[PDB]
Amino acid sequence: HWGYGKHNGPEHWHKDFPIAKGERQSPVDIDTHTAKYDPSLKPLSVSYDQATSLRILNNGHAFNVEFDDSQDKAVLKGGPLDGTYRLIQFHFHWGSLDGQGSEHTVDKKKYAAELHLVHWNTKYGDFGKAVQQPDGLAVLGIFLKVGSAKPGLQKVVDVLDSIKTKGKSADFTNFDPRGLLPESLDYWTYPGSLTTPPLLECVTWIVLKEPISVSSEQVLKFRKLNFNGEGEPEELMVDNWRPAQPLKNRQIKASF
Ligand SMILES: NS(=O)(=O)c1ccc(C(=O)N2CCC(c3ccccc3)CC2)cc1
Ligand SMILES: [Zn+2]
């Protein structure tokens with residue numbers, strides 16, 4: 001199946017998932033000078049005070065911190081969105097080196113990693129039905145640069161030992177996602193897709209202008225994870241990012 005290796009990586013995905021060459025694929029390069037300020041964009045509304053994390057999972061491509069999305073406990077609204085989107089999970093994409101790792105790029109600049117807080121439009125009933133809709137998902141992207149440590153991320157870093165290989169999971173309750181946010185909520189927004197197969201074009205991307213900083217130690221831990229399952233040859237989980245795709249007939253809007 002698909003992955004990020006030289007033989008099953010992004011350049012191969014189109015064979016099993018032809019939408020890979022679609023009209024609204026993600027990620028994309030964010031040309032800051034070409035993005036247009038849209039004064040009609042409402043302020044983003046992040047309501048995570050009632051968030052309920054349940055567990056963390058190594059799925060073989062990245063690791064997901066899942067939340068209870070059976071109720072409106074942690075929602076995203078406002079901004080370019082119409083309606084209420086529930087947070088279902090967040091994960092990251094990172095590189096083998098600090099100079100790479102993010103999926104989106106800013107004026108071609110690559111960050112060491114990128115956080116994706118995934119939400120689905122409640123009007124669609126569940127995540128599965130939502131990914132089948134043009135406005136089914138809202139993914140909040142947050143760039144990570146290496147510098148000072150991000151205190152709110154350490155709980156995540158310290159649990160990675162428990163889910164080193166594909167398929168492992170561990171309880172991860174009472175984790176507060178608000179600790180992963182930058183001070184500013186200024187953002188860029190554009191219509192796109194999931195950045196991994198099936199690459200469905202069901203995402204409204206909201207990428208924050210301000211990156212958060214994490215320490216070299218924190219990111220190093222990410223790089224000790226495995227793509228493989230226990231008892232299989234060790235393949236470090238690194239560079240699990242898709243490169244920038246053609247913007248085509250789309251325009252990136254800025255909230256600032
Ligand atoms: N990187 S990202 O764009 O943020 C992103 C976000 C979420 C997922 C994700 O969970 N998968 C697995 C489940 C699959 C699916 C679920 C239900 C019905 C059909 C398909 C969609 C993709 C992948 C990439
Ligand atoms: Zn992602």
Side-chain angles (χ1 to χ4, degrees), residues 24-49 51 65 74-94 98-121 135 137-153 156 176-195 202-215 218-219 241-242 244-245 247 250-256:
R24 54 176 287 185
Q25 287 290 290
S26 299
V28 302
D29 176 55
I30 300 179
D31 193 83
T32 57
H33 296 297
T34 301
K36 186 182 176 62
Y37 168 70
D38 186 333
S40 70
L41 281 171
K42 289 173 171 49
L44 241 194
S45 176
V46 186
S47 297
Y48 292 167
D49 60 291
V65 168
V75 307
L76 178 64
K77 62 169 45 51
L81 309 170
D82 284 317
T84 297
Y85 291 68
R86 279 184 202 162
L87 174 65
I88 177 176
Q89 58 103 318
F90 71 72
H91 54 277
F92 306 78
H93 294 274
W94 61 92
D98 301 342
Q100 65 196 51
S102 66
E103 303 210 295
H104 287 88
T105 54
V106 181
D107 290 328
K108 295 304 209 300
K109 172 183 157 63
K110 287 164 183 165
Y111 282 81
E114 189 178 320
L115 165 63
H116 289 163
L117 284 133
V118 190
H119 316 71
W120 53 276
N121 197 321
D135 60 341
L137 307 191
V139 181
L140 181 65
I142 302 183
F143 295 114
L144 278 65
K145 66 180 184 181
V146 175
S148 308
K150 190 61 168 176
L153 172 67
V156 174
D176 191 336
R178 293 179 297 186
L180 303 173
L181 308 176
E183 306 188 328
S184 179
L185 289 187
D186 294 329
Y187 65 85
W188 289 288
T189 187
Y190 77 99
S193 70
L194 302 171
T195 59
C202 60
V203 190
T204 287
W205 278 93
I206 302 175
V207 184
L208 303 185
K209 170 201 66 183
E210 186 184 337
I212 57 173
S213 67
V214 293
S215 63
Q218 294 184 312
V219 193
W241 49 278
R242 189 193 190 190
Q245 300 303 301
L247 185 57
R250 294 175 287 175
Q251 182 180 115
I252 301 178
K253 299 302 185 59
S255 72
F256 57 104

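What you see below is based on every heavy atom in this structure, not just the backbone, and it leaves out hydrogens, waters and symmetry mates. The chain is numbered in sequence order, starting from 1.
Counting heavy atoms from C-beta on, the side chains of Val139 and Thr195 never come closer than 4.5 Å. Side-chain atoms of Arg250 and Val28, non-hydrogen and from C-beta on, do get closer than 4.5 Å to each other. At least one side-chain heavy atom of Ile142 sits less than 4.5 Å from a side-chain heavy atom of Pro182. When side chains are defined from C-beta on, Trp120 counts as touching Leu137, because their heavy atoms get closer than 4.5 Å. With a 4.5 Å cut-off on side-chain heavy atoms, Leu208 and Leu140 count as touching. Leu117 has its side chain within reach of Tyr48: a pair of non-hydrogen atoms, C-beta onward, lies under 4.5 Å apart. For the pair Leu144 and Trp94, the minimum side-chain heavy-atom distance is 4.5 Å or more. You'll find the side chain of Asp49 reaches within 4.5 Å of the side chain of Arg178, heavy atoms only.
Between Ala138 and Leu76, the shortest heavy-atom distance links the atoms CB-CD2, 4.3 Å. Contact detail for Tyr85 and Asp135: the closest heavy-atom pair is OH-O, 3.1 Å. Scanning both residues, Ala254 and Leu41, for their nearest heavy atoms gives O-CD1, 3.5 Å. Taking each heavy atom of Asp107 and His33 in turn, the nearest pair found is OD1-N, 4.4 Å. Contact between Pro80 and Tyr187 at its shortest, heavy atoms only, is CD-OH, 3.5 Å. Annotation for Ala113 and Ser102: closest pair O-CB, 3.8 Å, computed over non-hydrogen atoms.
Heavy atoms from other residues, nucleotides or ligands lying under 6.0 Å from NZ of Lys110 number 12 at most. In the displayed structure, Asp82 atom CG is contacted under 6.0 Å by at most 12 heavy atoms of other residues, nucleotides or ligands.
Of the options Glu114, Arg242, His116, a side-chain hydrogen bond (donor to acceptor under 3.5 Å, both in side chains) to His93 is made by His116 and by none of the others.
In this structure, CZ on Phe143 lies 10.0 Å from CD on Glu103, to the nearest 0.5 angstrom. One finds the CD1 atom of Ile252 at 9.5 Å from the OG1 atom of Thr32 (value rounded to the nearest 0.5 Å). From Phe90, atom CZ reaches atom NE2 of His119 across 11.0 Å, with rounding to the nearest 0.5 Å. Distance CD1/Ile212 to CG/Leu153: 6.5 Å, rounded to 0.5 Å. Once rounded to the nearest 0.5 Å, the distance linking OG1 of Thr189 with NZ of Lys253 reads 9.0 Å.
Aromatic rings of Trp188 and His104 (six-membered ring for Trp) have centroids beyond the 6.0 Å cut-off, not under it.
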- Item | side-chain contact (heavy atoms from CB on, under 4.5 Å) assessment of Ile30 paired with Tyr190 | CA-CA 10 Å; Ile30 300 179; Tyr190 77 99; 5.7 Å; no
- Item | Test log, rule side-chain contact (heavy atoms from CB on, under 4.5 Å), inputs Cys202 and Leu194 | CA-CA 7 Å; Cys202 60; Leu194 302 171; 4.1 Å; yes
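Between the side chains of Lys77 and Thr84, a donor-acceptor pair is found at a separation under 3.5 Å.
When the salt bridge (charged side-chain N to carboxylate O under 4.0 Å, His left out) test is applied to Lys145, no partner is found at least two apart in sequence or on another chain.
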